Amino acid sequence: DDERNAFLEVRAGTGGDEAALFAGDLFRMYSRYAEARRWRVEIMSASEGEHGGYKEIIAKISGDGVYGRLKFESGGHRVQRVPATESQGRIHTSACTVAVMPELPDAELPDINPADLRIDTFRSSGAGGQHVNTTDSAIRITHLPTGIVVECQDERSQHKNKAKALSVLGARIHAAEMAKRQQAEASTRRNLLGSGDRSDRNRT
Amino acid sequence: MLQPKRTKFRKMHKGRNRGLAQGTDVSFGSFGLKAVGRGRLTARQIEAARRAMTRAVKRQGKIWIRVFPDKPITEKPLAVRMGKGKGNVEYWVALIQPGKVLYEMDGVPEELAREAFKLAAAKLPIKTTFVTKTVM
Amino acid sequence: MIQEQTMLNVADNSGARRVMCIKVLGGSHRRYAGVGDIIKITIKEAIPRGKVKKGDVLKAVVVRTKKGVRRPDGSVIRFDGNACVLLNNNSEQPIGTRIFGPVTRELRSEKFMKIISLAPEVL
Amino acid sequence: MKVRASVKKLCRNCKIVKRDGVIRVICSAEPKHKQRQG
RNA sequence: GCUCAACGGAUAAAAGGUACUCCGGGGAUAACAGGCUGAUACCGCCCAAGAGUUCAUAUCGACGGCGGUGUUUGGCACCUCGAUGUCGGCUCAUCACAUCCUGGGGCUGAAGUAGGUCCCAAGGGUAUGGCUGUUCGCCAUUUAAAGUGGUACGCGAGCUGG
RNA sequence: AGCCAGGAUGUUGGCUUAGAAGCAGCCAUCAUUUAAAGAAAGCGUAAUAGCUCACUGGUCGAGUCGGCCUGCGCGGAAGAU
RNA sequence: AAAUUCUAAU
RNA sequence: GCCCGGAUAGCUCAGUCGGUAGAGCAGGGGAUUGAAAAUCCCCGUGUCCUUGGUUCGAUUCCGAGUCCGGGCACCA
Ligand SMILES: [Mg+2]
Ligand SMILES: [Mg+2]
Ligand SMILES: [Mg+2]
Ligand SMILES: [Mg+2]
Ligand SMILES: [Mg+2]
Ligand SMILES: [Mg+2]
Ligand SMILES: [Mg+2]
Ligand SMILES: [Mg+2]
Ligand SMILES: [Mg+2]
Ligand SMILES: [Mg+2]
Ligand SMILES: [Mg+2]
Ligand SMILES: [Mg+2]
Ligand SMILES: [Mg+2]
Ligand SMILES: [Mg+2]
Ligand SMILES: [Mg+2]
Ligand SMILES: [Mg+2]
Ligand SMILES: [Mg+2]
Ligand SMILES: [Mg+2]
Ligand SMILES: [Mg+2]
Ligand SMILES: [Mg+2]
Ligand SMILES: [Mg+2]
Ligand SMILES: [Mg+2]
Ligand SMILES: [Mg+2]
Ligand SMILES: [Mg+2]
Ligand SMILES: [Mg+2]
Ligand SMILES: [Mg+2]
Ligand SMILES: [Mg+2]
Ligand SMILES: [Mg+2]
Ligand SMILES: [Mg+2]
Ligand SMILES: [Mg+2]
Ligand SMILES: [Mg+2]
Ligand SMILES: [Mg+2]
Ligand SMILES: [Mg+2]
Ligand SMILES: [Mg+2]
Ligand SMILES: [Mg+2]
Ligand SMILES: [Mg+2]
Ligand SMILES: [Zn+2]
């Protein structure tokens with residue numbers, strides 16, 4: 001199922017500095033719960049909150065059944081209390097936003113397998129006198145599964161053009177998959193996170 | 001892929017491949033492939049044949065590789081003219097003369113070694129035969 | 001005697017005024033289309049609130065030609081313009097519900113009896 | 001019919017017959033086993 | 001007494017452009033085409049881990065191996081420098097088959113209709129337009145189909161000149 | 001090689017899984033009656049079934065069955081006046 | 001003679 | 001493809017002339033403030049890109065390699 005390592009992200013919602021203080025307290029709570037489970041917690045990244053805790057702390061928790069237990073902590077958490085950054089004794093309400101993610105294999109297969117490539121060789125255009133006319137010094141490669149087309153005619157050698165055009169094809173087919181993965185994870189984070197505004201919450 | 005860990009010299013002449021072979025007997029196992037033709041074995045061919053013969057005996061018994069590819073073969077890049085130096089090392093080969101034993105195998109039935117020595121020879125460019133131990 | 005690039009009028013109330021022939025269907029290397037032949041057209045202008053929009057790609061049937069038709073006794077019938085009735089790509093059925101001007105006897109087939117019925121007169 | 005440079009027996013019903021200077025394989029059980037050398 | 005190191009040392013003393021060019025020679029030496037070769041290119045075949053619900057071979061074929069052709073890019077520098085006019089388009093073609101359609105068959109994971117793949121077969125046929133000088137390619141709409149190559153990558157004492 | 005006959009007994013096994021029973025894949029591969037018969041080589045079920053082979057008896061009845069070394073041939077083998 | 005700031009529930 | 005330059009602390013960067021590595025920012029503790037910053041005091045830095053070799057000893061010297069930056073790739 002899903003009993004793997006997790007990424008725990010918690011950031012400040014409404015409140016400002018007090019939200020940062022509560023984020024620090026909440027992260028400390030989770031760190032203590034993890035250390036009393038024989039789990040390892042590592043700070044992948046930190047953005048501190050001026051007075052107290054963190055504007056945004058993201059950590060990676062490694063262990064057994066981590067995601068099976070921590071996957072219900074997503075959403076918003078509300079805190080009502082007398083803040084430390086308050087001259088008077090006024091009670092204030094603030095919120096923090098928590099997301100929990102799994103980890104996935106990230107293989108990047110260079111599908112440069114030539115069994116699914118269409119290659120065309122043809123003449124080039126420009127100033128070349130009598131040699132350029134009677135020679136196939138321009139290359140074009142199309143990758144059939146994805147429909148990505150790249151052509152090269154910059155040099156006088158067919159071999160050089162083929163090599164660098166193939167390299168460009170590989171790079172610009174890898175980018176088109178990295179972007180898709182990035183937008184998928186960003187969307188998932190967006191609908192898991194919510195918008196910390198002390199009205200959408202899971203616990204008070 | 002077998003290859004010397006370190007070598008005194010980077011490149012080497014071409015030479016010739018005349019004469020018969022020393023090491024025409026089986027010394028460790030009970031069966032082996034003896035080479036009949038003359039040529040070269042690349043390290044890619046030795047590993048390709050060893051995997052086919054290994055998979056056929058179901059990881060039973062012992063297998064000896066009795067040749068080593070310790071000769072560097074150079075090759076010029078593409079679409080260049082002559083001369084201007086010597087090419088770069090690309091692969092390693094082992095010269096084969098008529099008579100060498102290429103592999104050994106022990107711990108398996110006599111009829112099973114033939115089957116595994118049949119799939120192994122199919123990956124090699126040199127005609128081979130099957131031999132057994134001799135008392136003297 | 002209709003080729004590609006030929007402009008034709010329209011002889012129904014489908015909302016088009018001038019259409020331009022872009023293909024003569026029926027065979028390879030086919031040259032002309034006479035009365036009773038299906039062609040491929042594009043709309044060049046249309047009524048503001050018609051059934052069809054300018055730039056559409058449809059089919060049509062030729063019902064009047066300047067070159068005319070010839071009859072088995074040697075006689076001919078000629079008009080003063082080329083006209084067509086708009087059909088749809090799939091069902092081969094007329095789009096409008098009215099026909100303007102006369103038609104001819106070469107439409108007396110089961111495919112175009114919907115046009116023969118609606119026409120003011122048949123020549 | 002499968003045309004290949006190496007015809008071989010694939011089951012126990014396959015037979016080797018040389019007809020008109022051509023070597024071919026036929027078996028009475030599996031029609032997929034018939035083949036000729038070419 | 002010389003890094004006269006271009007080391008048998010030209011003067012004590014010295015850099016470039018020519019598409020505005022010019023003379024004497026060379027196929028002793030390059031760019032086009034021919035030639036030898038076939039690394040590269042394209043097409044076949046051998047073995048069979050395997051995928052295919054099960055099942056190596058209905059359809060594919062990992063690791064390796066063996067050949068054919070002379071369409072590509074090359075290697076060589078054998079012919080031509082007292083001259084063999086070089087891309088594409090037009091008109092006109094002719095041959096090979098490694099067959100796009102039509103024709104005859106075997107297997108199928110072939111109910112039918114439609115297909116996949118492999119044999120035999122060269123008689124005939126085998127698009128019009130938009131963009132670009134374009135070969136190539138993308139797109140729109142047709143067709144039974146819009147084949148792959150050789151011929152100085154056919155064809156300027158047959159046309160053009162982008 | 002044909003031609004008749006047989007070609008048996010507790011594994012509805014735990015071992016895996018819903019179901020795996022000789023023939024899906026993990027182990028073992030004993031014993032009995034017998035002239036023979038494998039606790040399964042093949043075809044065949046979701047799982048059973050069902051269908052062959054080995055092996056063993058009768059007629060026939062003279063030869064028959066596969067490796068090794070060698071000579072010459074066969075296929076693999078498609079291009080352009 | 002120098003010197004910035006104090007979110008959001010009274 | 002050819003030639004040239006560079007790789008040193010968490011980040012930008014100086015330095016050897018074979019025995020020994022620094023600066024600014026950042027980092028940790030403490031002062032001042034009702035509190036945060038600015039200001040003050042005290043304290044730590046790193047297998048000098050990878051590899052093989054010569055050396056008693058290599059960041060340094062000599063061959064290979066990777067990555068990064070620049071110049072060149074012309075006559076047909
Ligand atoms: Mg120029
Ligand atoms: Mg339009
Ligand atoms: Mg016949
Ligand atoms: Mg000199
Ligand atoms: Mg000299
Ligand atoms: Mg001028
Ligand atoms: Mg002269
Ligand atoms: Mg010379
Ligand atoms: Mg010279
Ligand atoms: Mg030449
Ligand atoms: Mg010549
Ligand atoms: Mg399988
Ligand atoms: Mg040629
Ligand atoms: Mg050539
Ligand atoms: Mg010459
Ligand atoms: Mg010479
Ligand atoms: Mg001459
Ligand atoms: Mg010349
Ligand atoms: Mg002359
Ligand atoms: Mg002349
Ligand atoms: Mg053929
Ligand atoms: Mg024909
Ligand atoms: Mg005839
Ligand atoms: Mg144009
Ligand atoms: Mg032709
Ligand atoms: Mg050619
Ligand atoms: Mg030409
Ligand atoms: Mg041509
Ligand atoms: Mg001429
Ligand atoms: Mg003339
Ligand atoms: Mg001009
Ligand atoms: Mg002009
Ligand atoms: Mg032969
Ligand atoms: Mg501020
Ligand atoms: Mg305030
Ligand atoms: Mg401090
Ligand atoms: Zn068979």
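Residues numbered from 1 in each chain as written, not as in the entry; some residues may be left out. Chains lettered and ligands numbered in written order. Part of a larger assembly, values for the part shown. Heavy atoms only, no water. Residues with missing side-chain atoms left out of burial classes, pairs and counts.

Its PDB header names cryo-EM as the technique used to obtain the model and reports a resolution of 3.0 Å.

A.B. asks: Pulling in residues and values, what's your account of the protein's contact with RNA strand F?
C.D. replies: All names here are of chain D. Residues in contact with RNA strand F, as listed here, are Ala-5, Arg-12, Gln-37 and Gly-38. Sugar plus phosphate: this is where 62% of the atoms of RNA strand F within 4 Å of the protein reside. Backbone polar atom of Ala-5 to a base nitrogen of RNA strand F: 3.1 Å apart, as the coordinates give it. Counted by class, the surface near RNA strand F contains one nonpolar, two polar and one charged residues. (Near = heavy atom within 4 Å. Polar contact = N/O pair within 3.5 Å; in protein donor to acceptor, adjacent residues only side chain to side chain. Nonpolar A, V, L, I, M, F, W, Y, C, P; charged D, E, K, R; others polar.)

A.B. asks: Describe the protein's contact with RNA strand E, with residues and values.
C.D. replies: Taken together, 45 residues sit near RNA strand E, with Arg-51 and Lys-123 of chain B, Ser-28 of chain C together with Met-1 and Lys-2 of chain D positioned nearest. Restricting attention to atoms of RNA strand E within 4 Å of the protein, one finds that 71% of them are sugar or phosphate atoms. Contacts to RNA strand E include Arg-44 of chain B, whose side-chain N or O atom sits 3.2 Å from a phosphate oxygen. When residues of the surface near RNA strand E are assigned to their parent elements, the largest contribution, five residues, is made by helix 1 (residues 43-56) of chain B. (Helix = DSSP H or I, 4+ residues; strand = E, 2+ residues; numbered from the N terminus.)

A.B. asks: Can you break down the sheet that holds strand 6 (residues 117-122) of chain A residue by residue, with the values?
C.D. replies: Strand pairing within a sheet occurs via backbone hydrogen bonds; the two strands may be parallel or antiparallel. Residues and elements named next belong to chain A. The sheet built from three strands is open, its strands ordered 6-7-8 with antiparallel pairing. This sheet does not close on itself; its edge strands, each paired only once, are strand 6 and strand 8 (148-152). Here the strands of the sheet are splayed against their neighbours by 15 degrees on average, with no regard to which way each runs. In the sheet, strand 7 (residues 138-143) pairs with strand 8 via five bridges, with the strands oriented antiparallel. Paired with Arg-140 across the bridge in strand 8 is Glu-151. Of the strands in this sheet, strand 6, strand 7 and strand 8 touch helix 3 (residues 158-193), which is tilted by about 150 degrees from strand 8. (Pairing = 2+ DSSP bridges. Axes fitted to C-alpha atoms, helices over the stretch in contact; angles between N-to-C directions. Contact = heavy atoms within 4.5 Å.)

A.B. asks: For the packing of aromatic side chains, give the residues involved together with the corresponding values.
C.D. replies: In the structure shown here, the tally under the stated rule is five aromatic pairs over all chains. A ring pair is formed by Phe-27 of chain A and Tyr-54 of chain A, whose centres lie 6.0 Å apart and whose planes are at 80 degrees; its orientation type is edge-to-face. Of this pair, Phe-27 of chain A sits in helix 1 (residues 17-35) while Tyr-54 of chain A is found in strand 3 (residues 54-62), placing the two residues 27 residues apart along the sequence. Each ring, one from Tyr-33 of chain A and one from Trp-39 of chain A, has its centre 6.4 Å from the other, and the planes form 80 degrees; the classification is edge-to-face. By relative accessible area, which is 8% here, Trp-39 of chain A ends up buried. By the ring-pair criterion, three or more aromatic residues cluster together here, those being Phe-31, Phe-117 and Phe-130 of chain B. When the ring centre of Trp-64 of chain B is taken as origin, the NZ or CZ atom of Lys-62 of chain B, which lies over that ring, is 5.0 Å away. (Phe/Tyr/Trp six-rings, centres within 6.5 Å; stacked < 30°, edge-to-face > 60°. Buried < 20%, exposed > 50% of the residue type's maximum accessible area, 1.4 Å probe, protein only. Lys NZ or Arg CZ within 6 Å of the ring centre and 35° of its normal.)

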